[PDB]
Protein chains: 12
Amino acid sequence: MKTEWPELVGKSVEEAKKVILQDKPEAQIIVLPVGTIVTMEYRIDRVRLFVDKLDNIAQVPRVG
Amino acid sequence: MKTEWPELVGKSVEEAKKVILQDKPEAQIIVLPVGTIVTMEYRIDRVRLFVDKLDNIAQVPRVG
Amino acid sequence: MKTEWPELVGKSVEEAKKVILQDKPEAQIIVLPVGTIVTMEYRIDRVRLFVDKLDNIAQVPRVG
Amino acid sequence: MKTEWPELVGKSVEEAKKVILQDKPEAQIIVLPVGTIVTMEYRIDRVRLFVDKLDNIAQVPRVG
Amino acid sequence: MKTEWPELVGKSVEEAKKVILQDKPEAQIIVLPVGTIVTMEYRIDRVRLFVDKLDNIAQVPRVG
Amino acid sequence: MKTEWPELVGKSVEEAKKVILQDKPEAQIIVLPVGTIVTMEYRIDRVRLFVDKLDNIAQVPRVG
Amino acid sequence: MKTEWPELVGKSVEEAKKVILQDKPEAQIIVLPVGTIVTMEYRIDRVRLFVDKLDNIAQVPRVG
Amino acid sequence: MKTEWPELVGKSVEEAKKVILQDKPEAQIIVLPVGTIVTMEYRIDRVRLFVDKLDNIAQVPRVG
Amino acid sequence: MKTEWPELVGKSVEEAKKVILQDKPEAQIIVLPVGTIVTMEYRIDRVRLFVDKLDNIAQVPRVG
Amino acid sequence: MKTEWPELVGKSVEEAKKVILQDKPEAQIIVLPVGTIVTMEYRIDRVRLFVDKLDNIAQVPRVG
Amino acid sequence: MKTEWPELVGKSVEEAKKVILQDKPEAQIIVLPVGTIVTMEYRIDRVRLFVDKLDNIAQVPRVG
Amino acid sequence: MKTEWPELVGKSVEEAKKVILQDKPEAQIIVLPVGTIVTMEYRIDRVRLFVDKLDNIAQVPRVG
């Protein structure tokens with residue numbers, strides 16, 4: 001089961017959403033600034049995007 | 001008594017407000033960024049929405 | 001002496017200011033985001049409003 | 001020597017600047033959000049204003 | 001292998017992106033405010049830019 | 001070697017940049033909000049400006 | 001249903017546990033330092049005690 | 001698959017470890033203070049215990 | 001009504017408790033480290049002591 | 001090159017040091033509480049252990 | 001009026017207290033860990049010592 | 001002028017103090033936990049050691 005997208009580091013949100021949804025059609029894509037305090041529970045259909053000032057992906061997206 | 005809305009993760013605020021108010025007509029819906037420091041007391045009619053950069057629900061809404 | 005306004009949770013700032021000033025004409029109404037670090041001294045004429053992303057009251061206003 | 005302005009709690013920045021400069025013509029008036037982390041040294045000509053979301057004075061201005 | 005760009009302190013993002021990509025064509029350039037909490041893993045193709053209020057580079061860019 | 005500019009407390013960024021560059025032509029001037037977490041290394045050509053909500057200098061600029 | 005114990009401010013943990021359990025025999029009593037970051041869910045049988053350096057109750061215990 | 005232990009709120013670590021390991025023999029039991037900043041990845045064999053000053057469980061243990 | 005004890009800055013807790021209770025026999029004296037995050041409500045019988053590493057009073061005790 | 005030790009989650013520091021040094025004889029093993037703010041540079045011979053209250057490994061050790 | 005003691009960086013608390021009290025007999029000497037959040041008012045008779053893990057002075061003591 | 005000691009990562013404080021003082025006899029050696037908030041000014045004779053739970057050097061000591 002695809003769980004990480006190292007290939008999207010540096011890409012836009014638009015491009016990240018497109019690639020994740022090809023790979024994971026049920027994905028719930030959440031867009032947060034880098035450094036956001038996240039204590040959440042594990043959601044296997046959620047993919048968090050941690051984004052820089054220009055809304056580019058700053059770290060490896062992972063399911064959860 | 002309905003207390004959680006896992007079905008609204010990834011949805012907009014507009015859609016979350018609509019579904020919560022169908023389920024809970026007295027709901028006081030509060031919209032906060034993910035990571036917000038919340039020490040509050042329990043309010044049985046309040047539903048907090050924790051939202052990402054695009055105002056989509058990032059976690060499971062719960063009464064309180 | 002009126003000290004709390006549980007009835008304003010979920011309401012706008014405009015409506016909160018209107019109701020507080022009917023109840024407390026000397027009120028100094030201060031509008032802060034939820035989660036704001038507040039070490040202040042007690043001011044009996046001040047009412048702090050802790051507001052969400054849409055400027056609705058997220059918690060019970062109290063004098064102080 | 002005037003050191004505190006409790007009378008400006010709830011007032012605007014414009015009004016606070018006007019009153020402080022009548023009382024203290026050399027004042028260097030600095031406008032910060034409530035909750036700002038301040039480790040500074042003491043400056044006898046500086047007056048910090050701690051302001052809420054609407055740029056009203058949320059606490060008692062003091063020299064320093 | 002080029003790993004630091006002390007020459008870009010004080011320069012714009014545009015100029016930093018241009019110089020880094022001449023030196024490192026595979027660079028994934030990420031733009032963050034100074035003071036951002038970064039616990040990340042090491043990515044040898046990523047260059048983080050820590051920027052001030054005017055989007056000028058405030059510290060030495062480094063690979064990672 | 002000029003290292004501090006107490007005379008710029010309360011002044012604008014424009015005026016601070018002008019005075020610092022007269023005094024220190026190589027200066028790399030960085031503009032940050034008051035309260036910004038700064039763990040940096042010492043750069044003898046850098047001058048950080050810590051600015052309030054109105055982009056006035058809130059503390060004594062120093063080299064580093 | 002008893003929900004707050006203002007009478008225990010300043011008292012020890014031992015005394016607080018004794019009084020709470022007389023009033024609320026099912027109580028799960030949790031002892032935390034003042035200032036502890038608490039995002040928890042509401043537990044109607046739990047009573048949190050926020051304690052100072054000497055393990056005296058520093059604020060009003062409340063159910064939750 | 002057992003995922004939460006609401007029955008251990010208020011109990012000791014010793015008792016929590018005993019009950020969790022009966023229910024989940026592969027459990028890796030980790031003991032942290034309440035309020036600990038946790039950005040971790042999901043580990044299906046790990047159970048975190050969030051403990052108060054007296055090493056009693058302050059919140060519902062959950063797998064992850 | 002006595003509300004501040006500037007005379008106890010630098011003194012021990014023992015001495016502070018003794019002087020406060022002479023001045024304010026109903027006082028509930030709470031001992032916290034400097035820098036403790038305090039969002040509390042106003043309690044007119046409580047006196048908080050903010051103490052350094054050696055349990056000496058580091059700031060002016062005040063009622064609240 | 002071995003870079004992660006998922007097998008040490010839940011184990012002691014003693015056991016973690018032993019296994020890491022078998023796998024990586026040059027390892028510089030650093031022992032930190034979970035939640036420690038780490039902005040460091042990448043050191044290929046360093047292995048950080050993030051430990052719980054009982055000095056057991058709470059997360060997957062990784063080189064860096 | 002003596003206001004800073006750069007000569008005490010690296011020295012013990014005992015030695016710092018001795019030198020400060022020779023220079024400033026009214027001094028109220030307060031001993032805090034480095035990194036302590038200090039929003040205080042200016043006290044001209046107080047000297048704060050910011051100390052490392054071994055109770056040595058880590059920064060220049062200053063009046064205030 | 002020697003400014004960094006990468007060779008002391010993983011070593012004890014005792015050993016770090018010994019090596020630094022051979023290299024830099026005027027050194028003022030300060031011992032802080034990793035993650036300590038440091039806004040200080042530059043002191044060319046000071047060497048800060050950032051130490052883990054076992055008082056081993058966790059990062060590269062540098063002058064400042």
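Every chain is numbered from 1, with letters handed out A, B, ... down the list of sequences.
Within a 6.0 Å radius of CD in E14(L), no more than 12 heavy atoms belonging to other residues, nucleotides or ligands are found. Other residues, nucleotides and ligands contribute more than 12 heavy atoms inside 6.0 Å of the CD atom of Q22(K). Heavy-atom contacts from other residues, nucleotides or ligands closer than 6.0 Å to CD1 of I37(A) number 12 or fewer.
The minimum heavy-atom distance linking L21(F) with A27(F) is given by the pair CD2-O, 3.7 Å. Across all non-hydrogen atoms, the minimal contact from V38(L) to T39(F) is O-CG2, 3.2 Å. Nearest heavy atom pair, residue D52(J) against residue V34(J), reads N-CG2, 4.5 Å.
Using a 4.0 Å cut-off between a side-chain N of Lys or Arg and a carboxylate O of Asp or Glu, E4(K) and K24(K) do not qualify as a salt bridge. A salt bridge does not link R48(J) with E41(E): every distance from a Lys NZ or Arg NE/NH1/NH2 to an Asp or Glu carboxylate oxygen is 4.0 Å or more.
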Inset, instruction - Apply side-chain contact (heavy atoms from CB on, under 4.5 Å) to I57(I) and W5(I), showing your working. - result: CA-CA 10 Å; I57(I) 306 320; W5(I) 287 263; over 6 Å; no
Inset, instruction - Start with the C-alpha distance between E7(I) and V60(I), add both sets of side-chain angles, then the distance that settles side-chain contact (heavy atoms from CB on, under 4.5 Å), and finish with yes or no. - result: CA-CA 8 Å; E7(I) 69 273 23; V60(I) 177; over 6 Å; no
Legend entry - Chi angles and distances behind the side-chain contact (heavy atoms from CB on, under 4.5 Å) call for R43(J), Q59(L): CA-CA 9 Å; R43(J) 292 193 75 80; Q59(L) 35 203 149; over 6 Å; no
Inset, instruction - Step by step, work out the side-chain contact (heavy atoms from CB on, under 4.5 Å) result for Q28(J) and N56(L). - result: CA-CA 10 Å; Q28(J) 301 299 335; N56(L) 292 327; over 6 Å; no
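For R46(D) (side chain) and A58(F) (main-chain N/O), a donor-acceptor pair under 3.5 Å exists by modelled atom type.
No option in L8(K), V63(K), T3(K), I30(K) other than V63(K) meets the side-chain contact (heavy atoms from CB on, under 4.5 Å) test with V47(K).
Sorted by first then second residue, the ring-ring contact (aromatic ring centres under 6.0 Å, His included) pairs that include residues 39-64 of chain K, not counting sequence neighbours, are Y42(D)-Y42(K).
We find the NZ-CG distance between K18(F) and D23(F) to be 10.0 Å, quoted to the nearest 0.5 Å. Expressed to the nearest 0.5 Å, how far CG of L49(K) lies from CG of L32(K) amounts to 8.5 Å.
Scanning for side-chain contact (heavy atoms from CB on, under 4.5 Å) contacts around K53(F) gives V31(D), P33(D), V51(D), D55(D), with sequence neighbours left out.
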